[PDB]
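# Observations on the three-dimensional arrangement
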4 protein chains.
Amino acid sequence: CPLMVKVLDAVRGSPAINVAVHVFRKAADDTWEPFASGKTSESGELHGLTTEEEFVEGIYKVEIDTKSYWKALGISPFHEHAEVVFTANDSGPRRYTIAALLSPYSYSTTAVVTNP
Amino acid sequence: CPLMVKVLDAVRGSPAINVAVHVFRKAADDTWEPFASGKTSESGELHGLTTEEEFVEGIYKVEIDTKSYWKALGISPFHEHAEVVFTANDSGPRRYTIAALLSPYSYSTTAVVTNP
Amino acid sequence: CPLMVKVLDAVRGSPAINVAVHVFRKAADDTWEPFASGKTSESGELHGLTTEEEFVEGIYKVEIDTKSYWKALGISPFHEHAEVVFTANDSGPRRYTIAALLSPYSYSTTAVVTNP
Amino acid sequence: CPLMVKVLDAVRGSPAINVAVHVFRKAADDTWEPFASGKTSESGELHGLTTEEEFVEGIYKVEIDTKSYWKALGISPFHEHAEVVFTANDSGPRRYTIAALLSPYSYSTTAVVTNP
Ligand SMILES: Oc1c(Br)cc(Br)cc1Br
Ligand SMILES: Oc1c(Br)cc(Br)cc1Br
């Protein structure tokens, strides 16, 4: 499990539960091919998106559906979503944790990258 | 006047200067059509991207080239760029200020939507 | 001129107005002596706290009353206030801008130290 | 273990290891009495600071020594430290996780509060 996503709600001070997350990988023809997807758990975490074998070198895009999250709570947010784009495993396989801290008009994203 | 971008450097504690910024508008076929662009000033600001007249309601993508910024500084970044996607709306305030706080492995983006 | 404070509201996406701010200077006996104070403007800014002449090198504490801000909005905050402690230094740039991005259960503070 | 602290380095994209953390509780005479302290682990986490019985209602101050952290890395940071002040357990016992995202000239602090 080399790719993990963690989302927190900065308004309620709690994990952001049931947030949809889509991952894409840039193709040779520079198109974004669907790679994996899922939803955050009660702890705001999304594990099991991919494997070490599948998670090859490449440029990935993790798109977090923050809009649906805020709308379900009765809030009209600014962003359509929070999307992280990055090159992965270009110096060998690494473990990535993409953390997103959400607010209606602001979000922060941090990457904690460790060598397995 | 209606759209401004401000970028700060959290490592050196100063405005992020000469950062490339491109704005796109989502087309009917869901592809991103180039709309406006430029580079941040000595104060880390980028104004005059569009006019009230040209900035119609729609989905806009603001792509900030954070990677080139850090690479020039000789610092190894994580993200390929910082992308801020949002829907421009007449119902809400007129002026949009997209502020991005940058760090090599983390970034935050906040919108300050005001009428005046 | 040498010290400015800017506060933003990440929930409503606007400047945080009428936020109480107090600045203290650490005394020889390590107690915090009141130095300057005021409230944020309609633009979420607070200028004219001190002069270059009065702002000598030393340890300063900037206490932002985030709790009263959220309570007035009828939103339950976590923090009692946001405290930014730092050492003013002549070796580095002259002007200090303390920016605080507020959310009920989270806040960020960045310093933009520039000479001009 | 109702009080946990987590610190991440936004420059390296890794946990902030060996960061000293001091906790204080406001006394009746409004002085800050030392409550507990420790250092972050290899995962950037600090557990075992207190217990449910000891962690009574009160106003607490968690002071994170970010200055020593950056100085050890050859960087002269802006903040003397990152200090969170908050009222705890005023609506019954809760579990608190204080997360701090660090950068030389900026830091964010988030509180994830759950009902045990
Ligand atoms: O566990 C984490 C929390 Br809580 C906050 C941030 Br930011 C990142 C991670 Br990983
Ligand atoms: O001027 C700004 C600062 Br400094 C920080 C953030 Br966040 C937004 C604005 Br506008």
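Residues numbered from 1 in each chain as written, not as in the entry; some residues may be left out. Chains lettered and ligands numbered in written order. Heavy atoms only, no water.

- Method-wise, the PDB entry is recorded as coming from X-ray crystallography, at a reported resolution of 1.80 Å.

## Points about the relation of the copies chain B and chain C
- Superposing chain B onto chain C takes a rotation of 180° combined with a translation of 0.0 Å along the rotation axis, leaving an RMSD of 0.0 Å. These values place the two chain copies in the arrangement generated by a two-fold rotation axis. The rotation axis passes nearest to the C-alpha of B:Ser108 in chain B, at a distance of 4.8 Å.
- Most of the interface of chain B is mirrored in chain C, where 100% of its interface residues again form contacts. (Least-squares fit on C-alpha atoms. Contact = heavy atoms within 4.5 Å.)

## Side note on the interface of chain B and chain A
- Counting residues at the interface gives 20 residues for chain B and 22 residues for chain A.
- For the pair chain B and chain A, the summed buried surface comes to about 1800 Å²; carbon and sulfur atoms form 55% of the total.
- Across the chain B-chain A interface, the total number found is zero salt bridges.
- Connecting chain B to chain A are 13 residue pairs in polar contact.
- For the side of chain B that touches chain A, the secondary-structure elements that each account for two or more residues are β7 (79-88), β8 (95-103) and β9 (106-114) of chain B.
- In terms of residue count, the dominant contributor to the side of chain B that touches chain A is β7(B) (eight residues). (Buried area = accessible area lost by both parts, 1.4 Å probe. Salt bridge = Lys/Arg side-chain N within 4 Å of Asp/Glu carboxyl O. Polar contact = N/O pair within 3.5 Å; in protein donor to acceptor, adjacent residues only side chain to side chain. Helix = DSSP H or I, 4+ residues; strand = E, 2+ residues; numbered from the N terminus.)

## What about the site of ligand 1?
- All residues in the neighbourhood of ligand 1 are listed as A:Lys6, A:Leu8, A:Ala99, D:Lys6, D:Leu8 and D:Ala99.
- Near ligand 1, the surrounding residues are drawn from chains A and D.
- Taking A:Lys6, its side chain carries an N or O atom lying 3.1 Å from an oxygen atom of ligand 1.
- Taking 330 Å² as the accessible area of ligand 1 by itself, protein coverage stands at 90%.
- If you list the elements that add at least two residues to the shell around ligand 1, you get β1 (3-9) of chain A together with β1 (3-9) of chain D.
- The class makeup of the residues in the shell around ligand 1 is four nonpolar, no polar and two charged. (Near = heavy atom within 4 Å. Areas by Shrake-Rupley, 256 points an atom, 1.4 Å probe, with all protein chains shown as cover. Nonpolar A, V, L, I, M, F, W, Y, C, P; charged D, E, K, R; others polar.)

## Describing the relation of the copies chain B and chain A
- For these two chains of identical sequence, chain B goes onto chain A by a turn of 179° and a shift of 0.2 Å along the axis, with RMSD 1.0 Å.
- In this assembly, 100% of the residues forming the interface of chain B have copies in chain A that are likewise at the interface, indicating an isologous arrangement.

## Points about the site of ligand 2
- Neighbouring residues of ligand 2: B:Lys6, B:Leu8, B:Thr97, B:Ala99, C:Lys6, C:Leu8 and C:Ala99.
- More than a single chain frames ligand 2: its nearby residues are located in chains B and C.
- Between ligand 2 and the protein, one listed contact pairs an oxygen atom with a side-chain N or O atom of B:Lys6 at 2.8 Å.
- Summarising the interface, the protein chains cover 87% of the accessible area of ligand 2, which totals 330 Å² for the free molecule.
- Counting residues per element, the ones that place at least two in the shell around ligand 2 are β1 (3-9) and β8 of chain B together with β1 (3-9) of chain C.
- Of the residues contributing to the shell around ligand 2, the split by class is four nonpolar, one polar and two charged.

## Brief notes about the packing of aromatic side chains
Residues and elements named next belong to chain A.
- Summed over all chains, the structure comprises 42 aromatic pairs over all chains.
- Ring centres of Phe35 and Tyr60 lie 5.1 Å apart, and the angle between their planes is 75°; this geometry places the pair in the edge-to-face category. Taken together, the residues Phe35 in strand β4 (residues 32-39) and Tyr60 in strand β6 (residues 58-64) connect sequence positions 25 residues apart.
- What makes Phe35 buried here is its relative accessible area of 16%. (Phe/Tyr/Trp six-rings, centres within 6.5 Å; stacked < 30°, edge-to-face > 60°. Buried < 20%, exposed > 50% of the residue type's maximum accessible area, 1.4 Å probe, protein only.)

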